[PDB]
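These notes concern the structure reproduced below.
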Amino acid sequence: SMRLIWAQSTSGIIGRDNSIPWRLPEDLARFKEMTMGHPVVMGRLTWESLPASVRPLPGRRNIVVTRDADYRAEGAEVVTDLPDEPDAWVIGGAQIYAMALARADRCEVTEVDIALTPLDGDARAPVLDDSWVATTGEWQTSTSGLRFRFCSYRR
Ligand SMILES: NC(=O)c1ccc[n+]([C@@H]2O[C@H](COP(=O)([O-])OP(=O)(O)OC[C@H]3O[C@@H](n4cnc5c(N)ncnc54)[C@H](OP(=O)(O)O)[C@@H]3O)[C@@H](O)[C@H]2O)c1
Ligand SMILES: CCc1nc(N)nc(N)c1OCCCOc1ccccc1CCC(=O)O
């Protein structure tokens with residue numbers, strides 16, 4: 001029932017130092033069009049990784065998963081388990097993806113062809129296996145020259 005969206009190095013990395021280690025104007029655009037008008041479900045560290053200007057993300061119901069129910073998240077709902085929201089998007093991070101993967105039938109992935117080598121402590125995308133039906137988009141080039149591609153997985 002759950003559906004997930006993320007961007008990742010082609011090496012598997014979604015986050016380093018509690019932020020994303022690249023800027024990609026096209027992926028920001030696509031993520032925004034996929035989630036706008038829908039609840040967005042995220043974990044506590046993704047919440048505080050947001051740039052202040054976009055905390056909470058505009059035009060969407062923001063839901064933060066945390067162990068502390070009295071946690072302060074101004075302008076977001078706080079919950080203590082993964083919610084069963086009918087139109088939510090699971091937007092990260094690495095812990096929340098691992099929890100959700102088993103209960104997921106859809107994955108919308110951005111891939112980034114970047115010099116990024118795994119480091120102790122990185123946040124990593126889930127491993128998608130031969131149980132998924134894959135739809136692979138062609139490689140594209142961003143203004144900066146960084147090359148990326150959109151992929152779809154369904155179950
Ligand atoms: N590139 C992308 O597409 C993408 C997308 C999303 C995030 N990110 C990156 O991912 C990194 C952060 O991800 P992360 O894995 O470190 O953090 P996270 O998964 O977003 O949040 C982890 C926190 O969620 C809470 N939590 C986890 N499981 C819970 C449960 N079962 N019940 C209640 N609360 C629970 C805990 O916070 P408490 O300590 O409050 O309990 C836990 O420490 C950052 O670098 C961010 O930029 C990247
Ligand atoms: C944008 C990175 C990103 N890209 C994809 N494909 N999926 C995600 N779940 C994701 O993470 C969403 C959470 C991080 O959101 C941001 C991080 C930095 C700047 C702006 C935004 C989102 C801004 C907005 O949606 O209005």
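Residue numbers start at 1 in each chain; chains themselves are named A, B, ... in the order of the structure tokens; ligands are numbered from 1 in the order shown.
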Practice item. Please write out the residues within 6 Å of ligand 1 as a list in words, counting only C-alpha atoms and all ligand atoms. Key: residues 6, 7, 8, 14, 15, 16, 17, 18, 19, 20, 42, 43, 44, 45, 46, 49, 65, 66, 67, 68, 80, 81, 91, 92, 93, 94, 95, 96 and 123 of chain A
Exercise for review: Go through segment 87-154 of chain A and collect every residue that DSSP, computed from the backbone, puts in helix (DSSP H, G or I); the answer should be as an MDAnalysis selection string.
Suggested key: chainID A and resid 94:101
Point to revise | Selection: 10 Å around residue 75 of chain A, only C-alpha atoms, excl. self and same-chain fewer than 6 positions, as a list in words | key: residues 55, 56, 57, 61, 62 and 63 of chain A
Check your understanding: Quick one: DSSP strand (DSSP E or B) residues in segment 1-144 of chain A, as a count of residues only?
Key -> 43
**Study point:** d(atom CA of residue 110 of chain A, atom 7 (N, counted along the ligand's line) of ligand 2) in Å
**Key:**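 Between these atoms lies a distance of 7.2 Å.
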Exercise for review: Please indicate the distance in Å from atom CA of residue 143 of chain A to atom CA of residue 4 of chain A, rounded to one decimal place.
Suggested key: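 Distance between the two atoms: 26.6 Å.
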Within 7 Å of segment 146-154 of chain A using only C-alpha atoms, minus same-chain residues under 2 positions, as a short mmCIF file (atom, residue, chain, number, x, y, z; two decimals) with C-alpha atoms, in the first residue's frame:
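selection.cif, freshly written:
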data_model
loop_
_atom_site.label_atom_id
_atom_site.label_comp_id
_atom_site.auth_asym_id
_atom_site.auth_seq_id
_atom_site.Cartn_x
_atom_site.Cartn_y
_atom_site.Cartn_z
CA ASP A 105 4.23 -1.50 -3.96
CA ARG A 106 5.65 1.60 -5.71
CA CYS A 107 9.06 3.31 -5.84
CA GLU A 108 9.95 6.49 -7.78
CA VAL A 109 13.74 6.78 -7.93
CA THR A 110 16.12 9.45 -9.19
CA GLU A 111 19.63 8.22 -10.03
CA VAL A 112 22.66 10.54 -10.04
CA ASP A 113 25.93 9.65 -11.83
CA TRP A 132 9.81 -5.43 -8.92
CA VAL A 133 8.71 -4.50 -12.42
CA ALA A 134 11.19 -1.87 -13.58
CA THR A 135 10.73 1.11 -15.89
CA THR A 136 14.03 2.85 -16.64
CA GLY A 137 14.24 6.35 -18.04
CA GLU A 138 17.07 7.55 -20.24
CA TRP A 139 20.02 9.51 -18.87
CA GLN A 140 19.62 13.30 -18.96
CA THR A 141 22.02 16.19 -18.37
CA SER A 142 21.44 19.05 -15.94
CA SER A 144 25.63 22.15 -14.38
#
